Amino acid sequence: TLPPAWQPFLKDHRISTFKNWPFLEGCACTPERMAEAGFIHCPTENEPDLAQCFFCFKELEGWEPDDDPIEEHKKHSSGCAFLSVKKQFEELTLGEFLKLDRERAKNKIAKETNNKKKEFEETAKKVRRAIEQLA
């Protein structure tokens, strides 16, 4: 086996996430290339093509067949330490591995923060709007 929270570091686990991914043979954003890129497929009905970096948590939709998932990665999240990782997983040192996994747990915290802040501004807008309607 292998601890379940470390799976996303494994290319094959990532590939495995692509359920009804539409871009297959002939396309440049195949499940395979996506996984190589660090993406995991996390589809909702509202956006069935939603892919997310397991490391930086940056979320990307509106995929088109010619999209090279790696360039899209560099483009929409230039600072993702995964991109820098040039070794295969098992060539990584455990120290290196734990460094990476540390940054990822922090990226995760940043992300939740950024979310909470967005939810906060959202509810504020509602409040301000309701208040104007009252004023």
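Numbering starts at 1 and runs along the sequence shown.
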Read off the CA B-factors in the entry, average them over 33 to 41 and over 75 to 83, and name the higher stretch. 75 to 83
Comparing 42 to 50 with 95 to 103, which stretch shows the greater average C-alpha B-factor in the deposited entry? 42 to 50
Lowest, middle or highest third: where is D67 by C-alpha B factor in its chain? lowest
Among the modelled residues of its chain, does the C-alpha B-factor of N20 lie in the lowest, middle or highest third? highest
